[PDB]
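To start, the structure itself, in structure tokens.
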Amino acid sequence: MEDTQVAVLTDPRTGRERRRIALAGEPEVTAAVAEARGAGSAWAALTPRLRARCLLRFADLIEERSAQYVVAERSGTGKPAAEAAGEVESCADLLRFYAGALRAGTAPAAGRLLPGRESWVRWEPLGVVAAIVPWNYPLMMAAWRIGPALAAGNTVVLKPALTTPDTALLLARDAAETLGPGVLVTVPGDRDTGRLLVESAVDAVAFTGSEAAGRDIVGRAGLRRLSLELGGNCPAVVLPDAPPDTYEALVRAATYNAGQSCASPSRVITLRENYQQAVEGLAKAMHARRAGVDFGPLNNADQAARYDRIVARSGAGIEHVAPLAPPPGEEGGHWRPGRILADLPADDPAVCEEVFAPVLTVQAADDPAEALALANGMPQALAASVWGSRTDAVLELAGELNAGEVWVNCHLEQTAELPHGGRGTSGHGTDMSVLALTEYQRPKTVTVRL
Amino acid sequence: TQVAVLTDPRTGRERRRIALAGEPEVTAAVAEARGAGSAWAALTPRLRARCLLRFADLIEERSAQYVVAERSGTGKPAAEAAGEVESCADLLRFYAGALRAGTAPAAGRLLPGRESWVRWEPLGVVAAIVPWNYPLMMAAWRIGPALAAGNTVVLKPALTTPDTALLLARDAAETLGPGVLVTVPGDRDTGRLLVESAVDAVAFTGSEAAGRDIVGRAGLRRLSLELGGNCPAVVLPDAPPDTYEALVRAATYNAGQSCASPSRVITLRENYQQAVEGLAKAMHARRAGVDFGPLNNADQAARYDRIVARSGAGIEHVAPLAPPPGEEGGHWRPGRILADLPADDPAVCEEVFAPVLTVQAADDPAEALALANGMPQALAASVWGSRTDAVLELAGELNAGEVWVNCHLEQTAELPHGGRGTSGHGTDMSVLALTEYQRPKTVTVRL
Ligand SMILES: NC(=O)c1ccc[n+]([C@@H]2O[C@H](COP(=O)([O-])OP(=O)(O)OC[C@H]3O[C@@H](n4cnc5c(N)ncnc54)[C@H](O)[C@@H]3O)[C@@H](O)[C@H]2O)c1
Ligand SMILES: NC(=O)c1ccc[n+]([C@@H]2O[C@H](COP(=O)([O-])OP(=O)(O)OC[C@H]3O[C@@H](n4cnc5c(N)ncnc54)[C@H](O)[C@@H]3O)[C@@H](O)[C@H]2O)c1
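Protein sequence lines correspond, in order, to chains B and A. Sequential numbering of the first sequence, starting at 12, is according to the authors' numbering. Sequential numbering of the second sequence, starting at 15, is according to the authors' numbering.
Structure (structure tokens):
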């Protein structure tokens with residue numbers, strides 16, 4: 012029976028049609044998983060040398076076509092040119108990192124561990140990995156999952172978010188040229204496509220997205236290996252001797268990708284002495300950041316309405332709204348301005364919810380110990396920053412914060428070598444660094460009687 | 015509070031009446047472990063390792079009581095229980111040492127103008143839920159790395175075998191500090207209440223059905239699963255002379271109640287009959303009640319009966335049953351060799367969890383590998399043969415976390431164990447186990 016599900020995608024900067032795309036249903040998901048399964052034996056049988064070379068060519072091909080990736084990434088996100096260009100560079104770098112890391116791995120030392128036996132330990136891939144990724148960093152979130160998965164010798168079915176299939180489709184095209192047909196397969200679709208993929212004949216699921224989706228996936232993934240990266244609600248603890256550029260730096264991080272980052276600063280926590288300085292300093296810095304000029308739109312109409320709802324429900328006694336300046340002809344885009352909210356209770360909706368927009372709340376604590384309690388007082392625990400001059404104060408807080416990343420006098424700065432990953436309700440995945448490879452491979456002990 | 019009335023599996027007679035924990039007791043146990051978490055996590059690695067070394071030595075100092083306790087609800091022979099007490103202490107010493115010797119991604123100037131480093135941090139309170147087949151060792155496998163990583167632990171032993179878990183909690187209190195390890199006896203609903211409690215992670219060892227339930231019940235808690243095996247032993251025609259004796263020894267260890275016990279013997283056509291007869295001769299010398307212990311409980315014995323009755327095996331060799339006088343009411347089942355059976359036979363596809371071996375023939379090593387890898391479960395395997403290229407090529411191809419060559423069921427604290435497929439994806443033993451119980455933190459400092 013002839014049947015095609017269709018999405019008419021729109022540019023978030025303008026609201027106009029940009030792309031009509033067919034969505035994958037059960038037949039396309041089943042076929043994609045079978046294609047990756049069929050490519051698995053030849054891909055896994057490559058030596059590390061040959062596998063690394065393929066991934067290096069993959070990264071160079073992305074780089075060679077970087078202008079095309081930049082346009083594709085911006086079409087569905089509204090990202091500024093400079094942010095998209097940086098993320099294409101970071102994508103290729105991450106692939107190069109794992110290309111090199113897959114040859115440099117270690118295992119428990121081999122030898123005579125049992126009397127009269129020679130033993131060693133080898134690492135082996137899981138098989139087919141499903142990677143399901145959101146719209147906020149389509150290319151980078153794809154790279155975080157497929158990089159280590161492919162490098163560990165798995166094949167991959169990649170399911171991008173409904174509004175941002177574009178770079179995932181280019182990745183599949185360029186992987187076919189450099190890794191081989193079927194090694195990386197992309198299936199565009201909405202949430203239902205993702206659910207079908209989780210129930211398919213894949214060996215593992217690598218998910219990045221909302222907590223509600225994460226909780227649904229846990230149940231329906233069964234005994235498949237599961238890696239979750241969920242929301243953050245990240246604190247920034249600002250001490251009275253914080254450096255002069257603290258407010259500019261925090262506002263720069265909060266308006267990067269229009270504040271649509273898991274690890275963006277959200278909950279600014281000061282002491283009593285610097286509370287009003289921080290509110291005014293953040294308000295002045297944010298006011299210089301104009302939506303439509305200095306950062307992009309929110310991804311879609313649901314995000315903009317959600318922003319509106321949380322702002323309306325907040326009991327903030329102080330509210331500073333930055334300018335809204337959509338370019339000519341872009342009034343139909345999902346533009347929302349920067350906001351600073353202050354004078355609000357510890358359980359305020361703007362504090363407790365992940366706003367996912369350039370909104371900063373400001374709370375005051377009596378002393379560093381209460382600031383730490385506020386910072387660690389949320390169920391999510393992903394990233395954090397500390398701002399201050401005194402080594403003992405900031406490094407002690409850095410050890411105490413419940414987060415996979417703690418920045419001191421900076422925020423939202425990442426590199427392929429250093430891990431990222433949550434606690435609490437943020438999921439327990441590890442992205443970046445050599446530590447990410449372990450999620451996609453399993454050890455085998457071989458013990459030989461002499 | 016409900017009271018469980020436990021019986022001795024060697025006799026069927028009452029042996030212990032012990033409280034079965036419900037929600038109030040589970041909730042209080044988790045709060046006790048949570049209250050101990052801050053001081054335990056604050057110990058330096060030097061002090062934490064010294065605590066765990068004293069824990070291991072206290073267990074060995076009290077090994078006679080651990081042996082009696084372990085045997086009481088299992089029926090294990092004395093020599094097997096004594097060896098498992100030694101392995102328990104050794105594993106604790108291994109993780110005492112490993113916790114000081116860890117590494118992390120190298121620190122330094124990874125970003126311009128930034129100094130970065132990576133530290134490891136505990137999850138918090140870990141729930142350890144373990145089965146009755148190796149009560150002490152499976153407790154050790156979970157609590158060892160969890161405690162060494164700075165977590166406190168709530169340990170939920172199987173209903174029929176709380177005995178050594180209670181001793182561990184007493185001896186942990188004396189060496190690690192009160193509340194660092196808390197033991198909660200109970201049944202599967204005690205375990206479900208623990209999964210739903212305010213623990214940060216669940217480390218589970220047991221049946222596939224329970225694992226599937228726990229996945230849905232555990233929510234966003236970090237989860238580690240060690241589930242069933244159905245382990246093949248590929249026996250080539252040039253396998254060494256002691257092959258059948260060694261396979262039978264591994265299959266009757268702990269009355270075959272091992273996740274990694276050999277189950278599916280797979281030969282070629284030229285050595286098929288030799289294997290059936292050699293295994294039957296070796297198994298016939300192992301008499302249930304003298305040379306190995308009972309099955310754990312009446313459910314296990316009935317499960318044995320159902321699988322054997324359902325099998326379409328054309329060949330069946332039954333070893334003798336010889337329970338001592340006074341032990342006629344225990345859950346005794348004999349060793350068995352089954353052969354001449356289809357590839358989807360119940361005895362082949364199910365984990366019998368008793369001293370039963372099936373024997374199947376393949377045309378060549380390629381088809382032997384297909385059979386060995388043709389099950390949903392994928393935990394451990396062995397290969398028996400003399401030629402280096404043949405056995406080592408098979409060892410690479412088998413889907414298993416452990417492959418033994420010309421041996422079976424031999425483990426040590428340094429070397430990992432862990433499943434694929436429907437066997438779960440946890441890692442036990444080796445330094446690799448520690449990662450399940452800790453999380454990295456990148457600290458990046460602006461210069
Ligand atoms: N922890 C991290 O590293 C990280 C990184 C980026 C984003 N995030 C989080 O992701 C969230 C973004 O929200 P969103 O609305 O884009 O997330 P979402 O969960 O709605 O969508 C994410 C992806 O999952 C798919 N999906 C949704 N429900 C599914 C289901 N039941 N089964 C299978 N697939 C399903 C979607 O189609 C999409 O591809 C934020 O909470 C953010 O913090 C976390
Ligand atoms: N390393 C491994 O992979 C490994 C090691 C030993 C045993 N095993 C497997 O363990 C199995 C033993 O079977 P069994 O019947 O004793 O196991 P089981 O799953 O019935 O019980 C195991 C433990 O889990 C508890 N439990 C049961 N259901 C639960 C639930 N829904 N939620 C929480 N806790 C629950 C029980 O009370 C007990 O403490 C075998 O299949 C064997 O292969 C695996």
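For every residue, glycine included, the Cβ atom is placed at its ideal position computed from N, Cα and C.
Can you give me the start and stop residues for the beta strand (DSSP E) that residue i sits inside?
i         : result
A:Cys-245 : 245-249
A:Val-459 : 452-460
B:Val-139 : 139-143
B:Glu-28  : 28-34
B:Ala-302 : Taken as a continuous stretch (DSSP letters only), B:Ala-302 belongs to no beta strand (DSSP E), as it is neither H nor E.
A:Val-332 : 329-332
A:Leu-371 : 370-376
A:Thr-175 : Run containing A:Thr-175: none; DSSP gives neither H nor E here.
B:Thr-25  : Here B:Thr-25 belongs to no beta strand (DSSP E), and DSSP marks it neither H nor E.
Determine which residues share a DSSP beta bridge with residue i and list them.
i         : result
A:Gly-122 : A:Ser-130
A:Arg-236 : A:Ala-215
A:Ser-396 : A:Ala-247, A:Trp-418
B:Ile-280 : B:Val-248, B:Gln-374
B:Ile-351 : B:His-331, B:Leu-371
A:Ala-18  : A:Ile-32
A:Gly-435 : A:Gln-391
A:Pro-136 : A:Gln-452
B:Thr-441 : DSSP, once it has assigned bridges, lists no residue as partnering B:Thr-441.
B:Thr-166 : B:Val-139
For the alpha helix (DSSP H) containing residue i, name the first residue and the last one.
i         : result
A:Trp-54  : 37-56
B:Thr-266 : 257-266
B:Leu-446 : From DSSP, B:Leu-446 is part of no alpha helix (DSSP H); its letter is neither H nor E.
A:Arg-60  : 59-75
A:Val-405 : 402-411
B:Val-196 : Taken as a continuous stretch (DSSP letters only), B:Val-196 belongs to no alpha helix (DSSP H), being part of the beta strand (DSSP E) at 195-197.
A:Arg-317 : 312-324
A:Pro-356 : That residue, A:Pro-356, is in no alpha helix (DSSP H); it is neither H nor E in DSSP.
A:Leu-106 : 92-112
A:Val-366 : Careful: A:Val-366 lies outside any alpha helix (DSSP H) and carries neither H nor E.
A:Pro-338 : That residue, A:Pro-338, is in no alpha helix (DSSP H); it is neither H nor E in DSSP.
Residue i: which of the options sits nearest, CA to CA?
i                      : options                                    : result
B:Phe-108              : B:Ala-353, B:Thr-456, B:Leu-20, B:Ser-444  : B:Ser-444
B:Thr-117              : A:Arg-460, A:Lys-455, A:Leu-446            : A:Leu-446
B:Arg-235              : B:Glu-450, B:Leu-406, B:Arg-320            : B:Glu-450
B:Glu-13               : B:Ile-321, B:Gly-36, B:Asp-22              : B:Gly-36
B:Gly-340              : B:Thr-15, B:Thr-219, B:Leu-408, B:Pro-23   : B:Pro-23
A:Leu-309              : A:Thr-21, A:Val-139, A:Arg-76, A:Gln-271   : A:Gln-271
B:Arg-62               : B:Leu-72, B:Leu-448, B:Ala-162, B:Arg-401  : B:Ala-162
residue 512 of chain B : B:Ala-18, B:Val-249, B:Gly-87              : The first residue shown for chain B is 12 and the last is 461, placing residue 512 of chain B beyond what the model contains.
B:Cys-65               : B:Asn-285, B:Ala-186, B:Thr-281            : B:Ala-186
B:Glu-210              : B:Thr-436, B:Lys-455, B:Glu-28, B:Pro-38   : B:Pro-38
A:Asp-377              : A:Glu-365, A:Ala-299, A:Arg-300, A:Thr-281 : A:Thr-281
B:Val-19               : B:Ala-50, B:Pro-199, B:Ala-78, B:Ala-384   : B:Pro-199
message: Please identify, using Cβ separations under 7 angstroms, the residues of the region 389-423 of chain A that lie next to chain B, in order along the chain.
response: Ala-409, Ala-414, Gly-415, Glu-416, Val-417, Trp-418, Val-419, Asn-420, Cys-421
message: At a CB distance below 7 angstroms, what residues from the region 292-325 of chain A approach chain B? Give them in sequence order.
response: none
Interfacial residues, the region 351-371 of chain A to chain B, with Cβ spacing under 8 angstroms: none
- request: May I ask you to list, following chain order, the residues of the region 431-442 of chain A that have a beta carbon less than 9 angstroms from some beta carbon of chain B?
  value: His-431, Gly-432, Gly-433, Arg-434, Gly-435, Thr-436, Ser-437, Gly-438, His-439, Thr-441
query: Using Cβ-Cβ distances below 8 angstroms, what residues of the region 85-106 of chain B are close to chain A?
result: none
task: Report the residues of the region 36-50 of chain A with a CB closer than 9 angstroms to any CB of chain B, ordered along the chain.
output: none
message: What are the residues in the region 443-457 of chain B lying within 8 angstroms of chain A by C-beta distance?
response: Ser-444, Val-445, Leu-446, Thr-449, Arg-453, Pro-454, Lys-455, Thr-456, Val-457
field: Near-chain A residues of the region 111-127 of chain B - C-beta to any C-beta below 7 angstroms
entry: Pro-119, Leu-124, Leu-125
message: Short of 7 angstroms Cβ to Cβ, which residues in the region 164-177 of chain B face chain A?
response: none
query: When Cβ atoms are compared, which residues of the region 124-149 of chain B fall closer than 8 angstroms to chain A?
result: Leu-124, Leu-125, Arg-128, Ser-130, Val-132, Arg-133, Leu-137
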